[PDB]
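Visitor:
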Amino acid sequence: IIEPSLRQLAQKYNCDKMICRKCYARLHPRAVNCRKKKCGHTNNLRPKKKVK
Amino acid sequence: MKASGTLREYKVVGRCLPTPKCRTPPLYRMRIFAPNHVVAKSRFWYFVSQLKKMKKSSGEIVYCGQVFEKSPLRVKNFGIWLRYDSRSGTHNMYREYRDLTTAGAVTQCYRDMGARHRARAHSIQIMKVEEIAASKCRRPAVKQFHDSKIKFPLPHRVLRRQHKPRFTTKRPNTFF
Amino acid sequence: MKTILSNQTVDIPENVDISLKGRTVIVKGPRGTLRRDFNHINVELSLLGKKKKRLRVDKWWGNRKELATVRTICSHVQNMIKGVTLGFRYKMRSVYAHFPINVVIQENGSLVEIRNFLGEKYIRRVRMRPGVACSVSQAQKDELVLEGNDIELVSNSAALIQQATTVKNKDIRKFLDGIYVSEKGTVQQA
Amino acid sequence: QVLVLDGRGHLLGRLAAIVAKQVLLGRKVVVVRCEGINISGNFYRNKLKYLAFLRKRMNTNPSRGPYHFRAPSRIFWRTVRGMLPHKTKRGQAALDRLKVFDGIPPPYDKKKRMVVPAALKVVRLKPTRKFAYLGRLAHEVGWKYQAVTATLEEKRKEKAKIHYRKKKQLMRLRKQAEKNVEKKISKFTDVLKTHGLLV
RNA sequence: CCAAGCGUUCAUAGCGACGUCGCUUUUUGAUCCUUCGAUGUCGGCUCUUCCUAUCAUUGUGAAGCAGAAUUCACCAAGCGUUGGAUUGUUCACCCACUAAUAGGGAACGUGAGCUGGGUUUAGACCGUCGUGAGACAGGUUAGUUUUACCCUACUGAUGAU
RNA sequence: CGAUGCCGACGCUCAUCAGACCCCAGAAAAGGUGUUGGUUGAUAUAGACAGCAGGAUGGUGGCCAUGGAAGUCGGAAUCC
Ligand SMILES: [Mg+2]
Ligand SMILES: [Mg+2]
Ligand SMILES: [Mg+2]
Ligand SMILES: [Mg+2]
Ligand SMILES: [Mg+2]
Ligand SMILES: [Mg+2]
Ligand SMILES: [Mg+2]
Ligand SMILES: [Mg+2]
Ligand SMILES: [Mg+2]
Ligand SMILES: [Mg+2]
Ligand SMILES: [Mg+2]
Ligand SMILES: [Zn+2]
Numbered sequence: 051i052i053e054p055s056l057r058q059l060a061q062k063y064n065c066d067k068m069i070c071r072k073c074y075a076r077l078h079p080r081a082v083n084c085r086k087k088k089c090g091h092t093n094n095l096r097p098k099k100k101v102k
Numbered sequence: 001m002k003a004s005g006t007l008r009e010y011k012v013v014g015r016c017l018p019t020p021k022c023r024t025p026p027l028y029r030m031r032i033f034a035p036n037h038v039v040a041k042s043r044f045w046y047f048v049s050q051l052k053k054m055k056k057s058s059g060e061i062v063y064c065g066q067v068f069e070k071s072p073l074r075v076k077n078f079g080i081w082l083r084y085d086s087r088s089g090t091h092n093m094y095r096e097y098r099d100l101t102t103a104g105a106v107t108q109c110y111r112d113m114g115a116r117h118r119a120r121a122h123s124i125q126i127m128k129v130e131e132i133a134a135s136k137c138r139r140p141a142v143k144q145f146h147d148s149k150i151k152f153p154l155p156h157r158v159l160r161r162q163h164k165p166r167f168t169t170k171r172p173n174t175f176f
Numbered sequence: 001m002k003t004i005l006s007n008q009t010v011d012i013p014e015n016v017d018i019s020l021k022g023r024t025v026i027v028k029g030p031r032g033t034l035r036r037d038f039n040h041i042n043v044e045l046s047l048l049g050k051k052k053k054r055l056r057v058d059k060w061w062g063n064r065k066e067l068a069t070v071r072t073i074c075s076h077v078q079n080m081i082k083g084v085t086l087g088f089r090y091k092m093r094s095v096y097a098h099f100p101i102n103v104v105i106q107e108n109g110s111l112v113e114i115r116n117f118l119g120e121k122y123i124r125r126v127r128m129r130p131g132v133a134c135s136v137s138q139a140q141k142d143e144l145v146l147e148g149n150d151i152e153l154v155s156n157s158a159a160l161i162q163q164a165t166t167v168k169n170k171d172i173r174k175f176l177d178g179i180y181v182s183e184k185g186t187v188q189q190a
Numbered sequence: 005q006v007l008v009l010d011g012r013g014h015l016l017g018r019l020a021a022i023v024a025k026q027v028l029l030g031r032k033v034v035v036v037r038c039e040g041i042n043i044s045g046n047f048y049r050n051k052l053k054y055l056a057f058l059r060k061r062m063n064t065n066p067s068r069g070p071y072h073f074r075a076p077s078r079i080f081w082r083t084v085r086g087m088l089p090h091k092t093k094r095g096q097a098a099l100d101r102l103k104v105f106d107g108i109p110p111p112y113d114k115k116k117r118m119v120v121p122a123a124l125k126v127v128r129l130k131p132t133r134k135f136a137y138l139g140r141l142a143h144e145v146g147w148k149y150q151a152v153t154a155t156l157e158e159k160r161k162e163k164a165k166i167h168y169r170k171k172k173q174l175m176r177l178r179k180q181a182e183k184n185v186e187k188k189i190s191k192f193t194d195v196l197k198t199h200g201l202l203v
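Residue numbers (the deposited numbering), protein chains in the order written: chain m, 51 to 102; chain S, 1 to 176; chain H, 1 to 190; chain O, 5 to 203.
#1: Please confirm whether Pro35/S has its beta-carbon closer than 8 Å to some beta-carbon of chain H.
#2: Return yes when the Cβ of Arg23/H is within less than 8 Å of the Cβ of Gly87/H, no when it is not.
#3: Run through chain S and tell me which residues come within less than 7 Å of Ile4/H, C-beta to C-beta.
#4: Please decide whether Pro140/S counts as near chain H, where near means a Cβ-Cβ distance under 8 Å.
#5: For the structure I just gave you, are there three or more beta carbon pairs, one from the stretch 25-38 of chain O and one from the stretch 118-130 of chain O, closer than 8 Å?
#6: Could you tell me whether any Cβ in chain H is nearer than 8 Å to the Cβ of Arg57/m?
#7: Who does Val8/O pair with in a DSSP beta bridge?
#8: First and last residue of the beta strand (DSSP E) that includes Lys76/S?
#9: Hey, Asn46/O and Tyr137/O: beta-carbon distance below 8 Å or not?
#10: Under DSSP, the beta strand (DSSP E) around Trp61/H begins and ends at which residues?
#11: I'd like the list of long-range same chain contacts for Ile124/S, defined as Cβ closer than 7 Å, with 5 residues on each side in sequence excluded.
#12: Could you check which residue in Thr90/S, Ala105/S and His91/S has the C-alpha nearest to that of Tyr97/S?
#13: Secondary structure at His76/H, three-state DSSP: helix, strand or coil?
#14: Quick one: which chain O residues come within Cβ less than 8 Å of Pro172/S?
#15: Consider the Cβ of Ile51/m: report whether some Cβ of chain H lies at a distance smaller than 8 Å.
#16: If we ignore side chains and look at the alpha-carbon of each, how far apart do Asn102/H and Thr186/H end up?
#17: Using the beta-carbon count (16 or more within 10 Å), is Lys41/S buried or exposed?
#18: Near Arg74/O, which residues of its chain fall below 7 Å by C-beta distance, leaving aside the five closest residues on each side in sequence?
#19: Select from the stretch 32-57 of chain H all residues with a C-beta closer than 7 Å to any C-beta belonging to chain m, and list them in chain order.
#20: List the residues that DSSP assigns as beta-bridge partners of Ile43/O.
#21: How far does the beta strand (DSSP E) with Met92/H in it reach, from first residue to last?
#22: Below 8 Å on the Cβ atoms is my guess for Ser77/O versus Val104/O; work out the distance and round it to an integer in Å.
#23: Run down chain m in chain order and give the residues with a C-beta less than 9 Å from the C-beta of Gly62/H.
#24: Go through the stretch 41-82 of chain O residue by residue and report every complete run of the alpha helix (DSSP H) that reaches 4 residues or more, in order.
#25: In chain order, what residues of the same chain lie with their CB nearer than 7 Å to the CB of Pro79/m, ignoring the 5 residues before and after it?
#26: If we define contact as Cβ-Cβ less than 8 Å, is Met92/H a contact residue for chain S?
#27: Just checking: is the beta-carbon of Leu7/O within a distance shorter than 8 Å of some beta-carbon in chain S?
#28: When DSSP builds the beta bridges, which residues end up paired with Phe33/S?
#29: By DSSP's criteria, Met93/S is part of a beta bridge. Which residues make up the other side?
#30: Taking 7 Å as the cut-off, does the CB of residue 164/m come closer than this to any heavy atom belonging to ligand 12?
#31: Can you tell me whether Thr168/S is helix, strand or coil according to DSSP?
#32: Run down chain m in chain order and give the residues with a C-beta less than 7 Å from the C-beta of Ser182/H.
#33: Report the rounded CA-to-CA distance for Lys70/S versus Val27/O, giving the unit in angstroms.
#34: Put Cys134/H into one of helix, strand or coil per three-state DSSP.
#35: Just by C-beta distance, which residues in the stretch 93-121 of chain H are closer than 7 Å to chain m?
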């Protein structure tokens with residue numbers, strides 16, 4: 051179906067991010083503040099839910 | 001108060017009034033910074049009234065003189081202990097400056113609390129000024145000048161007197 | 001607080017030859033010649049050292065924001081020294097679950113056609129940046145190899161042929177298909 | 005008897021505020037090359053600023069309400085008209101002295117043109133602040149003759165470079181005649197030297 | 001906004017008690033400032049433009065997003081948001097289609113534009129009240145809807161400099 | 001639009017909704033690793049903060065309370 055190491059790439063880009071609970075931005079994994087000016091660079095982030 | 005012009009550095013002493021009980025009261029020296037002696041005696045009474053149970057009427061000013069500088073030709077490092085109010089609360093501070101005179105550094109401290117913290121000349125309360133040795137300073141904006149072979153260029157010399165040649169042929173130069 | 005001086009120093013190797021017309025650093029070496037005008041930074045670039053062993057950047061009286069532009073420059077010049085002496089090789093793989101991503105290189109590398117991405121009938125054609133040579137490699141089932149001197153061009157053409165192949169209106173957590181940059185490296189080793 | 009101001013490198017409101025006073029002082033001013041003028045503040049900000057001007061039209065008959073000139077010359081003229089009493093016969097007479105142009109038309113292409121160092125961008129604008137060219141901004145807000153003025157400008161710079169070379173030549177000749185003649189102008193030079201004209 | 005709980009688990013996918021901070025003037029009030037030598041007072045029909053607090057469509061971010069369907073959010077008001085049974089209705093309700101059948105403003109847009117069903121003169125009927133004349137945001141039925149040729153605006157038509 | 005066309009002083013501030021002067025004609029709670037200044041408290045050549053390994057177990061799968069929860073669903077415990 052797919053190889054696990056080629057799955058780590060696609061998950062590194064499509065699934066392994068952080069989301070801003072205030073503006074739904076898509077921030078890199080090691081993010082503390084959102085980068086969008088529309089939320090105030092809020093520090094209220096969460097992990098991008100893993101698919102099941 | 002209003003930090004007009006350059007502040008002078010005044011030395012005001014003053015005592016309560018003689019009475020039958022206290023045949024002679026203790027004198028009280030203060031170290032005021034104000035535009036002129038008329039404002040210096042009024043800040044002397046502001047302070048003495050905020051410390052001792054003593055008012056302008058119940059007392060007297062024994063001496064109000066200006067204290068000059070002991071070395072106005074040596075660049076010094078003054079450290080000041082502020083005490084001021086913001087829109088919400090009141091805070092103590094400690095700020096450092098490089099200047100030649102103490103009253104100079106205090107004028108620069110009033111213009112600095114005005115610039116950075118928008119604190120009017122009447123909220124501020126200088127409580128201690130002290131000439132500090134260059135190896136006791138803390139602010140990196142003032143430690144950076146403690147170099148013996150200091151060297152830097154003036155890199156963007158913006159043209160002033162823009163209106164004397166107001167209409168000119170050649171364009172201005174900024175490298176010098 | 002304005003800082004008096006803030007400076008760095010890139011160390012040029014004896015193999016490279018570098019010169020600068022003001023803030024226009026041109027770097028010539030074994031693989032080509034790269035020029036990057038820095039006229040928007042307001043620093044002083046000095047080509048000090050006899051035979052030019054090093055390049056020294058200076059910012060006089062710079063606030064915190066302008067002190068950032070120092071290491072940025074010293075890192076772009078070292079990415080030109082690197083992309084002129086070694087090169088930039090952006091090895092990248094193709095990930096597909098069912099429909100194989102049939103990629104093909106035209107125009108001697110300056111164009112890439114991607115067919116059958118997610119079983120679609122639209123043939124994505126991607127014009128490469130001028131200086132970036134893509135080529136299907138060997139020893140790896142499905143991957144491309146991008147090659148060039150300028151990292152901004154190689155990395156941007158890789159971002160172009162990565163963003164071209166994106167899933168739309170689906171669940172990008174389950175539909176993990178695309179052409180992703182796997183390895184960043186150099187043409188010849190060191 | 006006339007001011008020829010090169011609009012390149014100048015700030016919009018500062019140039020206007022300075023022209024609108026000489027013009028009111030009965031002085032004939034000609035602002036040339038009105039697409040070199042650059043406003044302060046990042047481009048997209050100045051775009052949104054002029055697009056908002058475009059959005060102000062008369063709701064019942066737009067053929068009457070604010071006229072939005074799309075050329076840089078007429079945008080400068082329009083912004084000088086804000087610094088004049090253009091509703092009185094001394095502000096209409098004022099405006100009748102201003103004469104704005106895009107590029108350098110051939111009445112003023114062969115003319116030394118002045119500069120206003122009280123309004124330049126290098127003088128009036130910190131180097132780390134962005135700005136917007138009035139030419140580019142007019143092109144992206146509905147100016148059509150940018151690609152024509154560009155060629156008609158390069159076709160002029162190529163023609164002036166010849167004059168400047170034929171003039172550096174007429175100054176090398178003169179700088180070497182001031183050496184072939186130095187023997188017999190030796191008495192007329194010291195008199196120009198003891199009075200600071202030739203030192 | 002905070003976050004006790006809901007959500008198999010898990011405060012913040014989506015919600016949210018206890019509190020608390022604001023926005024609007026398309027709800028009703030409060031006030032009585034202008035108008036009583038009169039500003040024609042409900043709806044509907046027709047017609048234009050504008051708002052965005054987005055139902056649909058374009059481009060996107062997030063899910064308890066496998067797909068399909070569907071929720072939350074963003075840039076966004078360009079372009080759409082219908083045909084009918086009942087009621088004077090506004091509102092409401094149902095049928096049918098649809099991509100969707102979003103909410104609104106403009107003197108609660110619009111009577112020298114119409115209509116005049118309702119409201120709201122004088123005629124009469126019924127009920128309750130009053131000894132009575134008479135009363136009833138209680139029902140019923142019949143009941144005159146005037147003028148532009150002026151100035152502007154707009155639409156077209158001559159011409160003027 | 002009369003008067004700074006001073007070589008005025010010192011700083012703060014970038015706004016893809018900037019800001020701009022009693023009454024006054026428009027905003028709050030709550031936020032920001034935007035930037036600037038302060039306060040208190042730590043550790044740093046007995047070598048820090050980052051950055052690239054191992055190892056987190058014996059008792060113990062602790063007792064507890066449950067259909068069972070074993071360093072992880074609850075609670076007092078919380079010692080070698
Ligand atoms: Mg779907
Ligand atoms: Mg729960
Ligand atoms: Mg009237
Ligand atoms: Mg009337
Ligand atoms: Mg009327
Ligand atoms: Mg919106
Ligand atoms: Mg009405
Ligand atoms: Mg009417
Ligand atoms: Mg009527
Ligand atoms: Mg009727
Ligand atoms: Mg009746
Ligand atoms: Zn965010």
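Note that beta-carbon positions come from the ideal geometry of N, C-alpha and C, so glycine has one too.
Guide: A quick look at the data gives this:
#1: no
#2: no
#3: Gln144 and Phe152
#4: yes
#5: no
#6: yes
#7: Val34/O
#8: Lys76 to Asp85
#9: no
#10: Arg54 to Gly62
#11: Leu82, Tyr84, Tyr110 and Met113
#12: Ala105/S
#13: helix
#14: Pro121, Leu124, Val126 and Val127
#15: yes
#16: 26 Å
#17: buried
#18: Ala142, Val145, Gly146 and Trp147
#19: none
#20: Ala136/O
#21: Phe88 to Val95
#22: 4 Å
#23: Under the 9 Å cutoff, chain m gives no residues; its nearest Cβ is about 24 Å from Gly62/H.
#24: 47-58
#25: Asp66, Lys67 and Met68
#26: no
#27: yes
#28: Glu9/S
#29: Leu82/S
#30: Lying outside 51 to 102, the shown extent of chain m, residue 164/m is not represented and no answer is given.
#31: strand
#32: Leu59
#33: 58 Å
#34: strand
#35: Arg93, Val95 and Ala97
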